[PDB]
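Asker: The structure under discussion is supplied below as structure tokens; questions concerning it will follow.
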Amino acid sequence: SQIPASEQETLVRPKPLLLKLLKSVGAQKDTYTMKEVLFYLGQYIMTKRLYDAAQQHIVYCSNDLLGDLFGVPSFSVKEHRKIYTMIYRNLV
Ligand SMILES: C#Cc1ccc(CN2C(=O)c3cc(C(C)(C)O)ccc3[C@]2(OCC2(CO)CC2)c2ccc(Cl)cc2)cc1
């Protein structure tokens, strides 16, 4: 959408705690495409109900490993470059 397709399709190696998160929702490898990392992050967010009906575009990740990894208590799913940057902080 806001992120170039080529950037989305690149192979990445998560750092250990990001890998822990992905493994907790069924991921079974050491390397992923960015798009794959984003999918499993999505499944994690939905599993842990890190959302709210009053603000439907906001991930509420405070007091959660995702919050610790991203360094924020919440963020908007519309901020695609900001999300990519938060993910790059968690890649080898
Ligand atoms: C940059 C970027 C980017 C932003 C959003 C998405 C897709 N998703 C969304 O639109 C989205 C929206 C919400 C709420 C209910 C809060 O609106 C929760 C989670 C997601 C998310 O996953 C959707 C999925 C898997 O595809 C579980 C079904 C998501 C995934 C990872 C992240 Cl880091 C954030 C959101 C993908 C990439």
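Within each chain, counting starts at residue 1; across the structure tokens, chains are named A, B, ... in the order shown, with ligands numbered 1 upward in that order.
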Produce as a tab-separated table (two decimals) with C-alpha atoms, in the first residue's frame the set of residues near ligand 1, where near means within 8 Å with only C-alpha atoms and all ligand atoms considered.
Answerer:
```tsv
chain	number	residue	atom	x	y	z
A	2	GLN	CA	2.45	2.67	1.36
A	3	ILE	CA	5.38	0.15	1.37
A	35	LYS	CA	5.07	-9.75	4.58
A	37	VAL	CA	6.49	-11.29	9.65
A	38	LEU	CA	3.60	-8.82	9.34
A	39	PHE	CA	1.06	-11.69	8.92
A	40	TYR	CA	2.16	-13.50	12.09
A	41	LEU	CA	2.36	-10.17	14.00
A	42	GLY	CA	-1.26	-9.67	12.88
A	43	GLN	CA	-2.26	-13.16	14.11
A	44	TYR	CA	-0.51	-12.39	17.44
A	45	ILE	CA	-2.35	-9.03	17.82
A	46	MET	CA	-5.74	-10.73	17.12
A	50	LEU	CA	-4.54	-6.00	21.48
A	51	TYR	CA	-7.31	-3.86	20.04
A	52	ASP	CA	-10.43	-1.96	21.00
A	55	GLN	CA	-10.46	2.99	18.27
A	56	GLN	CA	-10.47	0.34	15.59
A	57	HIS	CA	-7.19	1.19	13.89
A	58	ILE	CA	-5.07	1.19	17.13
A	59	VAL	CA	-2.98	-1.68	18.45
A	60	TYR	CA	-2.90	-1.49	22.24
A	76	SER	CA	-1.90	3.02	14.40
A	77	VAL	CA	-2.16	0.30	11.71
A	78	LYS	CA	-2.35	3.15	9.11
A	79	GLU	CA	1.34	4.22	9.86
A	80	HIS	CA	2.95	1.67	7.60
A	81	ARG	CA	6.48	3.20	7.45
A	82	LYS	CA	6.52	3.71	11.21
A	83	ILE	CA	5.52	-0.02	11.67
A	84	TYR	CA	8.29	-1.12	9.23
A	87	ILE	CA	10.05	-4.10	12.85
```
Asker: List every residue of chain A that DSSP, applied to the backbone of this structure, places in helix (DSSP H, G or I), and write the result as a ChimeraX atom specification.
Answerer: /A:5-8,16-24,34-47,65-70,80-88
Asker: Write out, as a JSON list (two decimals), in the first residue's frame, the residues just selected, with C-alpha atoms.
Answerer:
```json
[["chain", "number", "residue", "atom", "x", "y", "z"],
["A", 5, "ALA", "CA", 6.22, -4.52, -2.94],
["A", 6, "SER", "CA", 9.93, -5.30, -3.23],
["A", 7, "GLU", "CA", 10.58, -4.18, 0.34],
["A", 8, "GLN", "CA", 7.62, -6.33, 1.55],
["A", 16, "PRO", "CA", 15.34, -13.75, 19.20],
["A", 17, "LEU", "CA", 12.40, -12.04, 20.96],
["A", 18, "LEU", "CA", 10.62, -11.16, 17.77],
["A", 19, "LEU", "CA", 11.19, -14.82, 16.78],
["A", 20, "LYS", "CA", 9.67, -15.94, 20.12],
["A", 21, "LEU", "CA", 6.56, -13.90, 19.30],
["A", 22, "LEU", "CA", 6.21, -15.38, 15.82],
["A", 23, "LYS", "CA", 6.76, -18.92, 17.09],
["A", 24, "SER", "CA", 4.03, -18.37, 19.76],
["A", 34, "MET", "CA", 8.63, -9.01, 5.75],
["A", 35, "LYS", "CA", 5.07, -9.75, 4.58],
["A", 36, "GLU", "CA", 5.20, -13.04, 6.47],
["A", 37, "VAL", "CA", 6.49, -11.29, 9.65],
["A", 38, "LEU", "CA", 3.60, -8.82, 9.34],
["A", 39, "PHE", "CA", 1.06, -11.69, 8.92],
["A", 40, "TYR", "CA", 2.16, -13.50, 12.09],
["A", 41, "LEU", "CA", 2.36, -10.17, 14.00],
["A", 42, "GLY", "CA", -1.26, -9.67, 12.88],
["A", 43, "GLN", "CA", -2.26, -13.16, 14.11],
["A", 44, "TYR", "CA", -0.51, -12.39, 17.44],
["A", 45, "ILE", "CA", -2.35, -9.03, 17.82],
["A", 46, "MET", "CA", -5.74, -10.73, 17.12],
["A", 47, "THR", "CA", -4.95, -13.69, 19.44],
["A", 65, "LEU", "CA", 6.05, -8.31, 24.63],
["A", 66, "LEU", "CA", 4.96, -6.56, 21.38],
["A", 67, "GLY", "CA", 4.97, -3.22, 23.25],
["A", 68, "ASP", "CA", 8.46, -3.95, 24.61],
["A", 69, "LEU", "CA", 9.76, -4.83, 21.11],
["A", 70, "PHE", "CA", 8.20, -1.82, 19.41],
["A", 80, "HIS", "CA", 2.95, 1.67, 7.60],
["A", 81, "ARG", "CA", 6.48, 3.20, 7.45],
["A", 82, "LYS", "CA", 6.52, 3.71, 11.21],
["A", 83, "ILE", "CA", 5.52, -0.02, 11.67],
["A", 84, "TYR", "CA", 8.29, -1.12, 9.23],
["A", 85, "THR", "CA", 10.84, 0.94, 11.23],
["A", 86, "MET", "CA", 9.65, -0.68, 14.48],
["A", 87, "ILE", "CA", 10.05, -4.10, 12.85],
["A", 88, "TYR", "CA", 13.57, -3.18, 11.49]]
```
Asker: Quick check, in Å to one decimal: how far apart do atom CA of residue 27 of chain A and atom CA of residue 53 of chain A lie?
Answerer: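 Calculated distance between atom CA of residue 27 of chain A and atom CA of residue 53 of chain A is 27.6 Å.
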Asker: Could you give me, as number ranges by chain, each residue of chain A that DSSP assigns to strand (DSSP E or B) when run on this structure's backbone?
Answerer: A: 11-12, 14, 32-33, 58-60, 74-76, 91
Asker: Excluding residue 11 of chain A and its own-chain neighbours fewer than 6 positions away, which residues fall within 9 Å of it when counting only C-alpha atoms? Please give them as an MDAnalysis selection string.
Answerer: chainID A and resid 31:34
Asker: Output N, CA and C atoms for every residue in the selection just made, as a compact mmCIF listing (two decimals), in the first residue's frame.
Answerer:
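The result, written out as selection-v6.txt:
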```
# COMPACT_ATOMS: atom_id res chain seq x y z
N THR A 31 13.77 -17.54 9.20
CA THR A 31 13.74 -16.41 8.27
C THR A 31 12.39 -16.35 7.57
N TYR A 32 11.98 -15.13 7.27
CA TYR A 32 10.64 -14.85 6.76
C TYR A 32 10.77 -13.72 5.76
N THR A 33 9.81 -13.63 4.86
CA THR A 33 9.62 -12.35 4.18
C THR A 33 9.07 -11.32 5.16
N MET A 34 9.31 -10.02 4.94
CA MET A 34 8.63 -9.01 5.75
C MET A 34 7.13 -9.23 5.80
```
Asker: Point out the residue among A:92, A:61, A:25, A:54 with the least atom-to-atom distance to residue 75 of chain A, counting only C-alpha atoms.
Answerer: A:61
